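> Take a look and give me a structure for this.
(chains A and B, ligands or ions: 2)
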Amino acid sequence: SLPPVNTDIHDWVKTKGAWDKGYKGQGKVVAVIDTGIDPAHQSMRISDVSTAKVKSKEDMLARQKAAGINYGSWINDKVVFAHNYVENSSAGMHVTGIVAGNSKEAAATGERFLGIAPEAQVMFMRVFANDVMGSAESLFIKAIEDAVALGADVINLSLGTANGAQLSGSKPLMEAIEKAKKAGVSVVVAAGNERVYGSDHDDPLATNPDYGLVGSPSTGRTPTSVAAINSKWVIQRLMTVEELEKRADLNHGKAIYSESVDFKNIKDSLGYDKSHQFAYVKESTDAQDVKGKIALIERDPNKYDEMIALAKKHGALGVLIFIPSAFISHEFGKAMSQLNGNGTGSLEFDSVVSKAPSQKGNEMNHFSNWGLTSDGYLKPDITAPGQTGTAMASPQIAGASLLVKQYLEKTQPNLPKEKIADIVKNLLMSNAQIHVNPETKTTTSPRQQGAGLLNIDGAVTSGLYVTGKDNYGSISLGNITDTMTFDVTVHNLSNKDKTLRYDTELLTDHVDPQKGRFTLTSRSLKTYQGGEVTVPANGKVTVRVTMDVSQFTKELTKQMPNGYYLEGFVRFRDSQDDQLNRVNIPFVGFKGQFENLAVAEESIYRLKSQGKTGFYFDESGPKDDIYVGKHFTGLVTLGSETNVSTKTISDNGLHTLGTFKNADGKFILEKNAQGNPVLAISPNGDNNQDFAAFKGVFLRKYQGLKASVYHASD
Amino acid sequence: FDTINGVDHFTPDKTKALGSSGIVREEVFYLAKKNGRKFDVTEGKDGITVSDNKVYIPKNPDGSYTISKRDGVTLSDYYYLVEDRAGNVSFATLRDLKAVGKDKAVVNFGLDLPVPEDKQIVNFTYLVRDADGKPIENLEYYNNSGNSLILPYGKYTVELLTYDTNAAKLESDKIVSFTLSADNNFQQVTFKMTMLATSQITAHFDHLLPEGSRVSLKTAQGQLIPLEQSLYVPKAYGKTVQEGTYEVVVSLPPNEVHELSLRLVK
Ligand SMILES: [Ca+2]
Ligand SMILES: [Ca+2]
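Numbers count the residues shown, from 1 in each chain, chains lettered A, B, ... in the order given. Ligands and ions are numbered 1, 2, ... in the order given. You can find the structure just below:
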């Protein structure tokens, strides 16, 4: 009698297997720490308060008195505590809906949306940063402590800094998180949305492999660091064209269209019109055009509806070219058929959303943060479906953590509070499903996807989880050398011992050979068969994995001269049935010396003297222009003109030391008669080339930078 | 700010000099326009020189200053300027100092840090509360700074909400009381802090320790901080970062090569 359930994510993450065992979050509590909720929504409800953790406003008041918390309040049986920590005079409503939404009514599409943990109650701490991030740290700590005190079971933390370190974070925050772990509280945090070094410019160069950007505090040992995969399905307003209701390879003539920066946007459900002019230039038109001509994003004369230049790319790119005065566009398989039917026909833009298969479906989110920790550790930990990428994956893992913690509290009743949260993390990671990049048909690097895509069923059905030497769901080897060895440990939590056959897939980065840049795809070097082990019930067993990577050192070192990653998965299956007890553990090591990778980019002078060029350096104007405003490692000085008919009263500002203004007025790196540039200064006081200071393009986080001067004899 | 006849009379508070932030010199003046800008360039005998187009309003006997409403000049073109004994100067537009009514007062919040001006945490936030308790609402700011509130006479309390804890430490009380009244009509409350500085400390033993060795640091007092063995150079133990001067003890819960690198200046 209730509407059906939307299972776009539930079917993929396998939540049904958990619900059908009694695990829906009853008597559990998620604390969302975010920017704003509305506790009154149709989905903020629980069924049967008699089993909730917090059974009444009076219960809540009791806990607040006990914990010593004189602010905020209980709202309903769902949002049992809410408070503003930025008190001096929605984004995180989606996250709450995702962890714990339990709606009786249906939504826009006809179906009812249930979160991962529909019977969880919720606590809401409004916290965010305003001017100097890190000032908010104290309000976040007060929030974490209150979640812990009033009795949260999971904390969904909205907090990130880009290129976090695992062991060397912010002392008071990392400690408050450690107290949260000691209270049995899983702490889930988005990985981040900056993706890799230089993501806004180009792919990283093959000589610079420390390109990770995962953010603090998800990089901490304790928190669960969630990366983001794109959902297979989208729910959005489509665009229909009725002469095409028959060609199902086009969602029955319903297009996903996009726009960029809001030129003159849409006017819904009215049978507008347009025909096809694919000659992009001066055709006899009477006003759909293929942006095949990748020239410039200039929309056409008055009536637009552009379509993709690259068959099946289905990027539907943001930024409308392949001001205003029309509207945006951009799909393709609908274009090269919309352009059939005589030249043109009639369409309209729907006003009620629809489900439709995703254009980027089953692909890692472009912006989900990647790569190692700033100090060499393997994060993020796990992937879920989701600039709000990882931020929507994070609550999936928070809800999963509620469900698995339930499983543990039932079937391991005496497991101690100080040790349950890690087991929740470890079961989730070990039972995740390793992703395969559907484009390149090869395994996605664990630096991008962690221990794999979430699998809630596997985690609450197999009694297995996997572990490395350091006793963690994943393996950070360190430096690697031609022969990789590590010891894996399998744990069994069922009361019947299980036998597993296990192999080892090995991966490195794929590198574009014509451009000398990573492609941010992985390359599968070899799979190493590894034998068979029997995991005693209520026990553990350790095997050793050993690989000889000697055969690859020539080619990989040649394309990645400062070291490369060797990473991958040790995958266990059931010995008799290929599909039972699928568990695995990711590992990454670095064939080289990670702790020694170059910190600054090579100096622009040296680079020019090898015909090379910097990673951010614009080779714009005249030959050997180095305009001080460009981006290079070099020295900067300050210049001032010598005036023969006045006292000069004006400096000329900074310029690249070694460059001089030329005829046109441009600073060129001039060379002396031996061929070389000349760095030289004259501390005479004239404020012309009196000092030299350092300007760097930094390839890695740094500290203790200082400048010194020695005699050249020295 | 009062009037006599056609008034426009600004009398500045008494500058209670006696000191290093004591005031030696004060001037009222207006900035005339000529050629479009509030400065001009005079070609002196030696070379070129630049100056604001100041015209000074003389100090009346009465202590006041007569803001004759005149020309195309306005109250946003008048300035009151002060120079202290160390030679820092401060100016304000007479419009901004007038924006505080006669029945109201000014409170100003700031950090007292023992460092110079520009190497200072310039960013923090606060909350102002009533005689009764409630936050202050309808904020009126003074002389274009976000830490100077204009509030009616009364008793109040201010709280230090947030500041850069990774750069400094609060040394004084977090919630300070202040009272604004007809005579005490400008209070300054400050939070003293001390600067934080960090070092990278590393103990680099010449030979690998036996597995599960616990390497630790002994603070000023008998405190001990645990060091974690680095994953990339297993001999190198010095992990932690807090700064101040230490000695190394290895338990099993024997070399040295100790190095701290002064690292700071974010
Ligand atoms: Ca967890
Ligand atoms: Ca000079």
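> in what helix or strand does residue A:407 lie?
helix A:390-411 (DSSP states H and E).
> So for that helix, what gets flagged as buried?
A:390-409 (16 or more other CB atoms under 10 Å in any protein chain shown). For the C-beta atoms, the positions are set from N, CA and C on the backbone; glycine is no exception.
> Name the next helix or strand following that helix along the chain.
Following helix A:390-411 in sequence, per DSSP H and E, is helix A:417-430.
> which secondary structure elements does the next helix or strand after that next one contact?
As assigned by DSSP H and E, the chain's next helix or strand after helix A:417-430 is strand A:436-437. The elements that strand A:436-437 packs onto, with contact taken as 3 or more CB pairs under 8 Å, 6 or more residues apart in numbering or on different chains; DSSP states H and E, are strand A:442-443.
> Can you name the residue of the stretch 1-150 of chain B nearest to chain A?
Nearest residue of the stretch 1-150 of chain B to chain A: residue B:47, at 3.7 Å (CB to the nearest CB).
> which residues sit in contact with that residue?
Neighbour list for residue B:47: A:646, A:647, A:649 [criterion: CB atoms under 8 Å, 6 or more residues apart in numbering or on different chains].
> how near is it to ligand 1?
Noted for residue B:47: a distance of 72 Å to ligand 1, by CB to the ion, to the nearest Å.
> do the same with residue A:382
Taken as CB to the ion, the span from residue A:382 to ligand 1 is 8 Å.
> show me the contacts for that residue.
By CB under 8 Å, 6+ apart, the residues touching residue A:382 are A:224-227, A:397, A:428-429, A:432, A:450-454.
> List only buried entries from these.
Neighbour counting by 16+ other CB under 10 Å classes A:224-227, A:397, A:428-429, A:432, A:450-454 among the contacts of residue A:382 as buried.
> Filtering these by proximity to ligand 2, which remain?
Among the buried ones among the contacts of residue A:382, no residue lies close to ligand 2 (CB under 5 Å from the ion).
> Just give me the neighbour total for residue A:139.
Using other CB atoms under 10 Å in any protein chain shown, residue A:139 has 22 neighbouring residues.
> any idea which element it lies in?
Judged by DSSP H and E, residue A:139 forms part of helix A:137-150.
> so after that helix, what's the next helix or strand?
Downstream of helix A:137-150 (by DSSP H and E), the next one is strand A:154-157.
> Now do the next helix-or-strand element following that following strand: distance to the chain's middle.
Using DSSP H and E, the helix or strand that follows strand A:154-157 towards the C-terminus is helix A:171-182. Centroid separation for helix A:171-182 versus its chain: 24 Å, with CA atoms, centre = their mean, to the nearest Å.
> Is there proximity between helix A:171-182 and ligand 1?
No. If you take CB under 5 Å from the ion as the test, helix A:171-182 misses ligand 1, and the best it gets is 9.7 Å.
> ok, residue B:199 - contacts?
B:241, B:242, B:243, B:244, B:260, B:261, B:262, B:263, B:264.
> From these, pick out the ones that also neighbour chain A.
Residues of the contacts of residue B:199 in contact with chain A (CB under 8 Å from any CB of the partner chain): B:241, B:242, B:261, B:262, B:263.
> can you tell me the helix or strand for the third one?
According to DSSP H and E, residue B:261 maps onto strand B:258-262.
> Who are the packing partners of that strand?
So strand B:258-262, by 3+ CB pairs under 8 Å, 6+ apart, packs with strand B:199-203.
> before we move on, back to that, can you give the strand pairings for the strand holding residue B:261, parallel or anti for each?
strand B:199-203 (antiparallel) (DSSP bridges).
> hey, C-alpha coordinates of the strand it pairs with in PDB?
Extracted in PDB, the C-alpha atoms of strand B:199-203 (Å, rounded to 0.1, in the frame of the first residue of the first chain):
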ATOM      1  CA  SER B 199      59.900  22.100  15.200                       C
ATOM      2  CA  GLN B 200      60.300  18.800  13.400                       C
ATOM      3  CA  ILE B 201      62.100  16.500  15.800                       C
ATOM      4  CA  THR B 202      63.800  13.400  14.500                       C
ATOM      5  CA  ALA B 203      65.800  10.700  16.300                       C
END
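> near chain A at all, the next helix or strand after that strand?
Sequence order places strand B:214-218 as the next helix or strand after strand B:199-203, per DSSP H and E. No. Contact of strand B:214-218 with chain A (CB under 8 Å from any CB) is absent, the minimum separation being 14.0 Å.
> For the closest residue to ligand 2 within the stretch 101-250 of chain B, give me its contacts.
Nearest residue of the stretch 101-250 of chain B to ligand 2, counting by CB to the ion: residue B:118, 25.5 Å away. Residues counted as contacts of residue B:118 (CB under 8 Å, 6+ apart): none.
> Tell me how far the closest residue to ligand 2 within the stretch 501-650 of chain A lies from residue A:557.
In the stretch 501-650 of chain A, no residue comes nearer to ligand 2 than residue A:640, which is 8.3 Å away by CB to the ion. Taking CB to CB, to the nearest Å as the measure, residue A:640 falls 49 Å from residue A:557.
> For residue A:84, which non-adjacent residue is spatially closest?
Closest residue in space to residue A:84, ignoring its immediate chain neighbours: residue A:126 at 4.5 Å, by CB to CB, 6 or more residues apart in numbering or on different chains.
> just checking, that neighbour touches residue A:79?
No. Between residue A:126 and residue A:79 there is no contact under CB atoms under 8 Å: 11.9 Å.
> what's the overlap in contacts for these two?
Counting by CB under 8 Å, 6+ apart, the residues touching both residue A:126 and residue A:79 are residue A:37.
> so which helix or strand takes in the spatially closest residue to residue A:181 that is not a sequence neighbour?
Spatial nearest neighbour of residue A:181, chain neighbours left out: residue A:222 (4.7 Å); criterion: CB to CB, 6+ apart. Using DSSP H and E, residue A:222 falls within no helix or strand.
> cool, the one 4 residues further on as well?
Using DSSP H and E, the element containing residue A:226 is strand A:224-229.
> what about that strand, near ligand 1?
Yes. Strand A:224-229 reaches ligand 1 (CB under 5 Å from the ion) through residue A:224.
> Can you check what angle separates that strand from helix A:390-411?
Relative orientation of strand A:224-229 versus helix A:390-411 (axes from the mean of the first three to the mean of the last three CA atoms, to 10 degrees): 130 degrees.
> From the contact counts, what lies against strand A:224-229?
Checking 3+ CB pairs under 8 Å, 6+ apart, strand A:224-229 ends up next to strand A:186-190, strand A:382-385, helix A:390-411, helix A:446-449.
> do that again at 6 Å, thanks
Applying 3 or more CB pairs under 6 Å, 6 or more residues apart in numbering or on different chains; DSSP states H and E, one finds that strand A:224-229 contacts strand A:382-385, helix A:390-411.
> Just checking the distance from the helix or strand that it is followed by to the centre of its chain.
Using DSSP H and E, the next helix or strand after strand A:224-229 towards the C-terminus is strand A:233-236. Distance, stretch centre to chain centre, for strand A:233-236: 20 Å (CA atoms, centre = their mean).
> Many thanks, I have nothing further to ask.
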